[PDB]
There are 2 protein chains.
Amino acid sequence: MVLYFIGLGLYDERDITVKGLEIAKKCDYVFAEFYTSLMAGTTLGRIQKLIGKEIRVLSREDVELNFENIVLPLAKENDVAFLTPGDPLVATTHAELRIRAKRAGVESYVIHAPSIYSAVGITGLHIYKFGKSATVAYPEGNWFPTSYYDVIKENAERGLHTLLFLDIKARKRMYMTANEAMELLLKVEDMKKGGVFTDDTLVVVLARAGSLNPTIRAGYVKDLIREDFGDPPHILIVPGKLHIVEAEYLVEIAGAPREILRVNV
Amino acid sequence: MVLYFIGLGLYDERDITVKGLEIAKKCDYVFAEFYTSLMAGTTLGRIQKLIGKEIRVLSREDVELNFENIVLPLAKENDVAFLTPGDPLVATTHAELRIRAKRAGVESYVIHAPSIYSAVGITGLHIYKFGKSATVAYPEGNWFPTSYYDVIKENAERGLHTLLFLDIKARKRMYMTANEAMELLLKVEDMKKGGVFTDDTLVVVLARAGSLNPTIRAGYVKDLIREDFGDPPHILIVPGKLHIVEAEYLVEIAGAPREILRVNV
Ligand SMILES: Nc1ncnc2c1ncn2[C@@H]1O[C@H](CSCC[C@H](N)C(=O)O)[C@@H](O)[C@H]1O
């Protein structure tokens, strides 16, 4: 009789909320997509085992083109659930799917889950200081994306931190690393020469957030660009002017250079 | 030797993640703070019942002043859990507590949970378009804070949305409503005349995020200022220019006026 959008969280099958699980367990049909983000600490099997249902995985095309033909038809006579990594409506276009549900006469409900958007709090950077966000897109062909560069500039100019989602090619199983993101930005700087991103720029890397032992490292681009941050997914953050307490955390927890402790008020 | 920062999520005792609940159960001691925010849809008893552990509630002073003397000692020879509403470390003062753990020779891990910071994605507004965040605080005595007004101005100026956390009197359990927030903003406008928040401003109200029946409403201040959005907690959003898809969601899902499709896009 209804459609539930249930988030699965950051890293493993246990990042789903209790609410999400109890509801998923009772649904008649369970669908899911795993292309918007990467859950590096679980497997389909482990999720199916936890939920106790067979999970039909949909591709980007299945959702974007046939969500109303594959999922919605069943939601009219049964309790159906649509699973996604992290939070279902964050950094995705899944919100529009609720409009499709409505027009098909299907009531929908949303069950949230931990999101990278807020998990960045673990980096010690004040969440309220994050500005506009952006995604570092893999260049393809003769098209070289640069919008994410402008976002960093605008935020930094206002003293705001910039969260950078990193590209992903689910089918090709290619997950952009922080290292690759840094390389691309240095290239954009050479083009625009805005002083936005250089070897001296302080940056923060968060890898496999959600895991019990995430990789959190802060430092200058010149020293981190070739560092190994472990398996994906990775997120890159270009901080704005730091509060002393932020700097203290980056140094004590993310092993940043003790010189950042001396902020230039 | 291990301290666990566990997020309780958005609204009720089921908003904790499966990972958080299980870890909390295996802990010898369980502490909790309910001053950075509250869990409006549940009670301490229901949370205790779910965890199956006695939960010692700590005040603000307990944490900020005596965290190392109340929680860390037991964490040296036991598994201790520290529960907080939402996602740990989103509240600005939490991060520092991890540094205290380190200096006490105690390991700490963070178990995430849904945060309102990310749950706002249910409003249909693109998460990447949210800029700096702010808190609307109740004026008191001869003190009238207005910095949240400037945040809205700078974000909107760059086409970004502004998330406004609303004040809360933790002990008294008094929640500032979106209505009160709107009234305060109109008063600040009358004083600053910046043309940032008026009867014609479009706003979005999200009430009881996390609940299965949250209230999602969007409209002009003149029409929503005295509307009843239901029980707390309420969150207010002043969106910037809208992408057509955001507007269609606000209209179809949040009951916004068709007018927004031409005036705010
Ligand atoms: N656990 C994690 N650690 C680091 N980055 C992560 C992450 N989970 C997601 N991301 C980042 O976000 C991108 C997917 S964007 C989709 C995000 C999702 N709805 C959420 O709420 O988290 C990834 O390519 C990656 O850069």
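Keep in mind that the numbers below use all heavy atoms, side chains included, and drop hydrogens, waters and symmetry copies. For ligands, and for the atoms within them, numbers begin at 1 and follow the listed sequence. To find a chain, count down the sequence lines: A is the first, B the second, and so on, and within it residues start at 1.
- Taking 4.0 Å as the cut-off between side-chain N and carboxylate O, A/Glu22 and A/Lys26 do not count as a salt-bridged pair.
- Close approach of ligand 1 to A/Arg208 (heavy-atom distance below 4.0 Å) involves ligand atoms 1 (N), 3 (N), 4 (C).
- For ligand 1, the atoms sitting less than 4.0 Å from at least one non-hydrogen atom of A/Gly86 are 20 (C), 21 (O), numbered in the order shown with element in parentheses.
- Close contacts of ligand 1 with A/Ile235, meaning ligand atoms under 4.0 Å from a residue heavy atom, involve 5 (N), 11 (C), 25 (C), 26 (O).
- Each of the following atoms of ligand 1 lies closer than 4.0 Å to a heavy atom of A/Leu206: 4 (C).
- Shortest contact from atom 25 (C) of ligand 1 to any protein heavy atom: A/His234 O, 3.6 Å.
- The shortest side-chain heavy-atom distance between A/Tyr4 and A/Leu83 does not fall under the 4.5 Å cut-off.
- Contact between A/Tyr11 and ligand 1 is absent, with no heavy atom of the residue lying under 4.0 Å from the ligand.
- Here the heavy atom of the protein found nearest to atom 18 (C) of ligand 1 is A/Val90 O, 3.7 Å.
- For ligand 1, the atoms sitting less than 4.0 Å from at least one non-hydrogen atom of A/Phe165 are 12 (O), 15 (S), numbered in the order shown with element in parentheses.
- The nearest heavy-atom contact from the protein to atom 7 (C) of ligand 1 is A/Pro233 CG, 3.4 Å.
- No part of A/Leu38 comes within 4.0 Å of ligand 1, judged by heavy-atom distances.
- Every N/O-N/O distance between A/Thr92 and ligand 1 stays at or above 3.5 Å.
- Inclusion of A/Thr36 in the set of residues having an N or O under 3.5 Å from an N or O of ligand 1 is not warranted.
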Side-chain donor-acceptor contacts of residues 213-221 of chain A below 3.5 Å, not counting sequence neighbours, with atom names and distances?
| from | atom 1 | to | atom 2 | distance (Å) |
| --- | --- | --- | --- | --- |
| A/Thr215 | OG1 | A/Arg208 | NH2 | 2.7 |
| A/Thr215 | OG1 | A/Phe229 | O | 3.4 |
| A/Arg217 | NE | A/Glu227 | OE1 | 3.4 |
| A/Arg217 | NE | A/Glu227 | OE2 | 2.8 |
| A/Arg217 | NH1 | A/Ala254 | O | 2.9 |
| A/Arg217 | NH1 | A/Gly255 | O | 3.2 |
| A/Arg217 | NH2 | A/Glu227 | OE1 | 2.9 |
| A/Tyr220 | OH | A/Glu259 | OE2 | 2.7 |

Under 3.5 Å, which donor-acceptor pairs link side chains of residues 40-48 of chain A to any protein atom two or more places apart or in another chain?
| from | atom 1 | to | atom 2 | distance (Å) |
| --- | --- | --- | --- | --- |
| A/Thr42 | OG1 | A/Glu13 | OE1 | 2.6 |
| A/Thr43 | OG1 | A/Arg46 | N | 3.3 |
| A/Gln48 | OE1 | A/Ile55 | N | 3.0 |

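- The shortest heavy-atom contact between B/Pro85 and B/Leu8 is CA-CB, 4.2 Å.
- For atom 22 (O) of ligand 1, the closest non-hydrogen atom of the protein is A/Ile116 N, 3.1 Å.
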